[PDB]
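> Residue numbers (our numbering), protein chains in the order written: chain A, 1 to 102; chain B, 1 to 51; chain C, 1 to 236; chain D, 1 to 59; chain E, 1 to 269; chain F, 1 to 45; chain G, 1 to 534; chain H, 1 to 75.
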Ligand code: HEA
Ligand code: HEA
Ligand SMILES: CCCCCCCCCCCCCCCC(=O)OC[C@H](COP(=O)(O)OCCN)OC(=O)CCCCCCCCCCCCCCC
Ligand SMILES: CCCCCCCCCCCCCCCC(=O)OC[C@H](COP(=O)(O)OCCN)OC(=O)CCCCCCCCCCCCCCC
Ligand SMILES: CCCCCCCCCCCCCCCC(=O)OC[C@H](COP(=O)(O)OCCN)OC(=O)CCCCCCCCCCCCCCC
Ligand SMILES: CCCCCCCCCCCCCCCC(=O)OC[C@H](COP(=O)(O)OCCN)OC(=O)CCCCCCCCCCCCCCC
Ligand SMILES: CCCCCCCCCCCCCCCC(=O)OC[C@H](COP(=O)(O)OCCN)OC(=O)CCCCCCCCCCCCCCC
Ligand SMILES: CCCCCCCCCCCCCCCC(=O)OC[C@H](COP(=O)(O)OCCN)OC(=O)CCCCCCCCCCCCCCC
Ligand code: CUA
Ligand SMILES: [Ca+2]
Ligand SMILES: [Cu+2]
Ligand SMILES: [Mg+2]
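1) To which residues does DSSP link residue 46 of chain G through a beta bridge?
2) Run the proximity test for residue 445 of chain G: is its beta-carbon closer than 7 Å to any non-hydrogen atom belonging to ligand 10?
3) For a quick check, are the C-beta atoms of residue 14 of chain G and residue 215 of chain C less than 8 Å apart?
4) Would you tell me roughly how many angstroms separate the C-alpha atoms of residue 164 of chain E and residue 235 of chain E, rounded to the nearest one?
5) Got a list of residues with beta-carbon closer than 6 Å to any non-hydrogen atom of ligand 9, in chain order?
6) Give the interface partners of residue 58 of chain A over in chain G, defined as CB-CB distance under 9 Å, in chain order.
7) Hey, which unbroken runs of the alpha helix (DSSP H) at 4 residues or more fall wholly within the region 188-264 of chain G?
8) Do residue 353 of chain G and ligand 2 come close, with the Cβ less than 7 Å from some heavy atom?
9) Let's test the definition: count the other Cβ atoms within 10 Å of the Cβ of residue 103 of chain C and tell me whether it reaches 16, buried, or not, exposed.
10) Please confirm whether any heavy atom of ligand 11 lies closer than 7 Å to the CB of residue 4 of chain H.
11) Which same chain residues end up closer than 6 Å to residue 101 of chain E when comparing Cβ atoms and leaving out the 5 residues on each side of it in sequence?
12) Just list the residues that DSSP pairs residue 159 of chain C with in beta bridges.
13) Ignoring anything shorter than 4 residues, give me the alpha helix (DSSP H) runs that lie fully in the region 18-78 of chain A, in order along the chain.
14) Counting C-beta neighbours from all protein chains within 10 Å, is the total for residue 97 of chain C 16 or more, i.e. buried, or is it exposed?
15) Applying the criterion that 16 or more other CB atoms from any shown protein chain within 10 Å of the CB defines a buried residue, is residue 533 of chain G buried or exposed?
16) Excluding the 5 residues preceding and the 5 following residue 151 of chain C in the sequence, name in chain order all residues of the same chain whose CB lies nearer than 6 Å to its CB.
17) So what does DSSP say about residue 55 of chain C, is it helix, strand or coil?
18) Would residue 271 of chain E and residue 73 of chain E be called neighbours here (beta carbons separated by less than 8 Å)?
19) Measuring straight from C-alpha to C-alpha, what distance separates residue 42 of chain H and residue 33 of chain H?
20) Is the separation between the beta-carbon of residue 43 of chain D and that of residue 36 of chain E shorter than 8 Å?
21) If you measure between the beta carbons of residue 5 of chain H and residue 205 of chain C, is that distance less than 8 Å?
22) So residue 122 of chain C and residue 159 of chain C are supposed to be a Cβ contact under 8 Å. How far apart are they, rounded?
23) At 9 Å on the CB atoms, spell out the chain G contacts of residue 86 of chain E, in chain order.
24) Going by DSSP in three states, residue 197 of chain E sits in which element: helix, strand or coil?
25) Look at the Cβ atom of residue 256 of chain G, then the Cβ atom of residue 244 of chain G, and state whether they are nearer than 8 Å.
26) For residue 11 of chain D, which residues in the same chain have their Cβ closer than 6 Å to its Cβ, ignoring the five residues on either side in sequence?
27) Report the option in E/9, E/2, E/5 whose CA atom is closest to the CA atom of residue 528 of chain G.
28) With a CB to CB cut of under 8 Å and the five nearest residues on each side skipped, what residues in its chain are close to residue 138 of chain G?
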């Protein structure tokens, strides 16, 4: 398997637009986070807009939870939360730390 | 040949619905296994005149 | 020369053959410790970090670089220690220019020794049997299951050929501190060589299950000086 | 003569076990079972002497 | 045949054997044989009558097992193409194992002969031993065996072609040729000048050629079973598996005897 | 460029504690007979 | 009831009889090793009153029961007969009546070996039975005959079962499954069946020839007629080594399934695992005389066998690194089967590295009949093959039986055998390097130290076996309750990270073999319409 | 030193030494059967089969020669 990073985003962007129920959105999301890379910000945005279209809020919360496991530092987690600022605000998605604050 | 299906049906021994407790069968079976080396020792030490 | 309580190593060496056996054991254990260090470390640091990994890397199924590399690496290590292991094999098999030959014959629970070089002043065969001292007859200070009623006397700094056979069943002539171990089979004669570099008493045992008395058939060897050996030989 | 087809219909419409369907099978199975019992019991009746070291006096 | 009718027949070709008493009755005869032989070899039983009975019961209990395989294939139709292919493959793995039993007996012969022991005279054969000469009764035997691997070839191909008389005659001749081989070894044995007691030579010689003798008695029993089945119309022109297993047997035993005759008779004498 | 701290510092913080936990386990698996001899009569009288 | 279990032609029912007999035999063989370790606790006569023949008799009985009556009827007779037809889609085995006789000869071979120890004086010879110690001059009476007939009956069993395993794999696979698509456990029973087929007939030649010397006045091995004792050892060891691999490879295939399930990753380099299992099964026929290094063979014979023995370390080390590569980067689930598999990787490596030292003929002069050898083969047979047998039972018995087991009781059982096995066998290397011979009931006084330590660990490990006997009782009486309370593990695979709890209930099982897709106790008619794969 | 014994022989260089004894015994007895019992270098064989060969073996072969049962070819 010789797939460049640019080919990775353009293929999973196409794969999030075709998912037609909850099983499909969760199965595609599982395979996207199972490689040796963190998906690009433009892939995360299409995964949030796919869970809105099937009307499921917990799947959109878990997207950012997996993001904080896969990064290497906590400053890589921050820079994602600063790119996807409008989308998390426009759809009304909270963070798991914000929802169950400790 | 047609047999039955279920939980306690694919084993040769009875575990439920029996008069005697199943503990007498389970631990009696493994006691006899553990006890055959000692029967051999008894016969042979009774042949050497040690007993 | 004698085993000691709670010992975890070779008995002290008296011949160049046992010097070389120990050198090969230590050389091999250098590389078996590198390999055990790797495997135990990879095992430990994989359980401690991936027992807490929530997303498995299910798309990693092969690698061409590592699989070729880890097929070649064990071959280099195996070849490194085969070089001195072949040299020691042919250095111990040679028996060149010995100065005396002794025969040892195994019996149902005793040994037997024969000298037939006819060097003694009267030119006969010197021969005797060796028996373990029974427990009821031991004198205080003697060693249980080791001390015998007669022993084999050899001189120091002399090359010796041993000839070993048996009478009834298989036995085994073995002395740990001399680097000697050879089966004693009814029908054939095997040989071994030795050269002892210091004086003392060296103990051994039978090493081929021979029946009820397999544990009661020890070997005891005394090494003395040359003038002292000729006096012992010329009497017994 | 040829009796494959006739035995073919006897066998395929019978309720009995396979080794009992042939009309002649009684003459083999009755004496075999009696002989099979003697050949199993009798060696077992000799282990008591073997443990006790008693040998038969064929002399 | 619609869906309704196809439902009344199996969906796979493999054979579902009904429960039988024979596998556990053969095991008991095997233990009765083991217990009797050890007890009579050491005097705890007076005579050989109990060993005779245990051999008779091991024999008539395998017959009944073979009798139930005839009925499942001739009267029931349970041997489809897949069942037939599995039976052939199981038999080839059986003979491969039996061939390696002889391979262990050839090791023992060569171990004793290439560097012979000095109590023999350091010579092979040992001193005083008068051996069997090759160009003799053993040369009549190697021709009698080679002559039966070509009369069994034309019987098999006369059955595929539909000729009954020619098929029935080329098997009645293979029978009496293996029978002749068997009694020819009997004559060669009661006349030999040495015995199995005569040291290591009489041990490796009579073991290698004596095992082969026992297989031939089994081989002549197989050709008599085929004779009854071919004469009574069990075997058909395209379905005869009890026959091909016999044919492969007569050819392996032919090659094994060829090896015995070159090593035990020409090289070792 | 790269966001955050160097990968050496991040990996150093995770392995150093594990090296010491490895050497304290393998010492128990291979050195436990040394303790039996410590409390023996044969040792050091 | 009578005809379901005495007339059986079903491969699942027969596999249950195998396991019942296998576990009844490990009781006796463990009791003999306990009597052996009590008599070795201290110098002097301890419990057997100085009867050295009896001590030797119990050592033969110990080895024969553990090998031929526990590990072979359970790993092969049990798991092979139950899981091989289900993993390839077969409706039965080929030859179902052959499959039944291969079990019923083992009970008759046990009432031959047991009556061998009770007659005259028994067989005090070692499990290798070397002549002339085992001939009628040095062992009179019928004891050695009855032990040979017992070995003959186990050879009929293993040979007949091997012929059945080979035909079933080649002929009865389901639609779409080719030989490159077999599960790794099916490959391990297939290769083992070929080693048995080519090594058992050489052992039957050796021990039948030994029976002929004793009773029919024959000189295969007698020295007064020209025979040679060293011939017997060549014939015995040409079966022996292939046997040790007939005992580890089925466990290699079990370890592959367990490690992959509790990592959620497929086996790394799955195709090179089959090539390694075949190379080890082939090189195991070319190395047998490393067991005869001191009997007087030529120096050029000994240099060949050194290099032949060493190169079996290359394919075996490929399987070790491959197993560590599948758990790397995984999602590890530490259930009871996973604990045994991780201990197998650590304790099998140690036992195999002490074999590399033994492989050199120069060093084996200080390693012959030495406890050091006993330490080598109890690390690969008792922390090896035995640990893979526990891993298998905890992996498949809930499905096979329909009954769950107490999980936290099973983790206590694992730690008690891991601690106790190490205490018996680790000091055995210290005794051997200092020079203690094997097969002795009594020793010089300087060996008392480590011999006391090992006898203590023998009590720890027997207590762990008695806890396993109770766990079986609890599973059979309380197995249905173990599913509704929280005392057992229900799913060996948990939901994925982003997979919700209710989506997980659509497909509970994510398996790459058929067996976890059946009903919990599998049906007696498991396939009617054949299974199909792409 | 006054110690001497037989040395390395290229016919028998291996660990197995069975034939070295037996051939020296056989050569010696056929050397005295034609060249007479007394022969200066006929003692070379006599020393070798005495040095490395068991006394019970010689005892058996001597008794066999008396009955004409020695398997070696010496006449
Ligand atoms: C299968 C192989 C096997 C196993 C498991 C064992 C297990 C043990 N063995 Fe033995 N042993 C041999 C094979 C084995 N051994 C052989 C071949 C010899 C040489 C014979 C010879 O010298 O002639 C030998 C020799 C030998 C000696 C040498 C005696 C002497 O030389 O005279 C000693 C001494 O202590 C010993 C001890 C032990 C001990 C303490 C255990 C115990 O530690 C066992 C520990 C664990 C358990 C208690 C077993 C598990 C219990 C089960 C019933 C499993 C059930 C599992 C399921 C069904 C899922 N063994
Ligand atoms: C399960 C059973 C089993 C297994 C698997 C083995 C495996 C091996 N054995 Fe063993 N053995 C026995 C059971 C077993 N053995 C028994 C029962 C006896 C005594 C019989 C008796 O006398 O009664 C015996 C005795 C025995 C002898 C005879 C010694 C003597 O009697 O004096 C020898 C000789 O070389 C030997 C060597 C080996 C070797 C090299 C392996 C190799 O296969 C091991 C290879 C494995 C590894 C090497 C580990 C992992 C490898 C790597 C991680 C690669 C990297 C390594 C390097 C670069 C070195 N063992
Ligand atoms: C002694 C009691 C007699 C009571 C008197 C009768 C009065 C009425 C009482 C009712 C009880 C009826 C008694 C009938 C006998 C009986 O049910 O249990 C009696 C049975 C004996 O019989 P058995 O058929 O198993 O044969 C065997 C006879 N030798 O013990 C047992 O096997 C206990 C065995 C349990 C241990 C096996 C554990 C294995 C679990 C299966 C796991 C398989 C995993 C497979 C993986 C490949
Ligand atoms: C799995 C098999 C492993 C093989 C191991 C076999 C042994 C190899 C030789 C090891 C030498 C031990 C040093 C002796 C120290 C001593 O001197 O011992 C001293 C005392 C008693 O000594 P003392 O009072 O009698 O006299 C001398 C007084 N000074 O004992 C002890 O402290 C016991 C401590 C045990 C030692 C730990 C062993 C660690 C080695 C790990 C090997 C790993 C295996 C590699 C892969 C196979
Ligand atoms: C389990 C797998 C089997 C492995 C078998 C390996 C070894 C088998 C080799 C021996 C086979 C039998 C030899 C033929 C008999 C013989 O020897 O010929 C007969 C010899 C030759 O006659 P004579 O000596 O009087 O000389 C003739 C001078 N006038 O007389 C004897 O021997 C008498 C002793 C009887 C021998 C019977 C031994 C039976 C035990 C083995 C049974 C067969 C094994 C199983 C076969 C299915
Ligand atoms: C002392 C006691 C010793 C007992 C040993 C007796 C051995 C004598 C040999 C008798 C064989 C009879 C077989 C005929 C059965 C039959 O009917 O086979 C025919 C069947 C039916 O197919 P069909 O083509 O006829 O179809 C008819 C048209 N539709 O096909 C088969 O099953 C093929 C399988 C036959 C294999 C038989 C077993 C051979 C090995 C047994 C070896 C046992 C001893 C081993 C000792 C080392
Ligand atoms: C991987 C598995 C590891 C498991 C750990 C082992 C613990 C399990 C129990 C072991 C049994 C102990 C046998 C004692 C036999 C005896 O009686 O000892 C006797 C000796 C005295 O000797 P004596 O001559 O006076 O005897 C006279 C005979 N009558 O008293 C002792 O030393 C007491 C025991 C010492 C305790 C040590 C236990 C090991 C723990 C290791 C901890 C880590 C150490 C790390 C070192 C770097
Ligand atoms: C001590 C003296 C030595 C005695 C030898 C041991 C005797 C035990 C067996 C007794 C014979 C009874 C007949 C059973 C065989 C049978 O019937 O084979 C017939 C089986 C029946 O197939 P099926 O019914 O299972 O399927 C139902 C389908 N209809 O066809 C096959 O499998 C095909 C392959 C044939 C292979 C047969 C192998 C011969 C078995 C003996 C092997 C012994 C090896 C050790 C050699 C020393
Ligand atoms: Cu002599 Cu053991
Ligand atoms: Ca004691
Ligand atoms: Cu080996
Ligand atoms: Mg030995």
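Even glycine gets a Cβ: it sits at the ideal position worked out from N, Cα and C.
Let me spell this out:
1) DSSP lists no partner for residue 46 of chain G.
2) Flag unset: Cβ of residue 445 of chain G not near ligand 10.
3) Against a cut-off of 8 Å, the Cβ pair of residue 215 of chain C and residue 14 of chain G comes out as no contact.
4) Each residue's alpha carbon lies about 11 Å from the other.
5) Listed along the chain, these residues meet the criterion: C/106, C/171, C/206, C/208, C/209, C/210, C/214, C/217.
6) Result: 500.
7) Segments of the alpha helix (DSSP H) lying fully in the region 188-264 of chain G: 229-261.
8) Yes.
9) Residue 103 of chain C should be labelled buried.
10) Incorrect: residue 4 of chain H has no Cβ contact closer than 7 Å to ligand 11.
11) There are no such residues.
12) According to DSSP, residue 159 of chain C bridges with C/195.
13) Fully enclosed alpha helix (DSSP H) runs of 4 or longer: 22-32, 41-53, 57-70.
14) Result: exposed.
15) Within a 10 Å sphere around the beta-carbon of residue 533 of chain G sit fewer than 16 other beta-carbons, which makes this residue exposed.
16) 220, 222.
17) The three-state secondary structure of residue 55 of chain C, taken from DSSP, is coil.
18) Summary: the structure shown does not reach residue 271 of chain E, with chain E confined to residues 1 through 269, and so no result is reported for it.
19) A direct Cα-to-Cα measurement between residue 42 of chain H and residue 33 of chain H gives close to 11 Å.
20) Pairing residue 43 of chain D with residue 36 of chain E gives a Cβ-Cβ distance under 8 Å.
21) The answer is no: Cβ separation not under 8 Å.
22) With a Cβ gap of about 25 Å, residue 122 of chain C and residue 159 of chain C do not count as contacting.
23) 94, 95, 167, 168, 170, 171, 172, listed in chain order.
24) If DSSP states are grouped into helix, strand and coil, residue 197 of chain E belongs with coil.
25) Result no, Cβ atoms of residue 256 of chain G and residue 244 of chain G do not sit closer than 8 Å.
26) Result list for residue 11 of chain D: 21, in chain order.
27) Sorting E/9, E/2, E/5 by C-alpha distance to the C-alpha of residue 528 of chain G places E/9 at the top.
28) Around residue 138 of chain G: 132.
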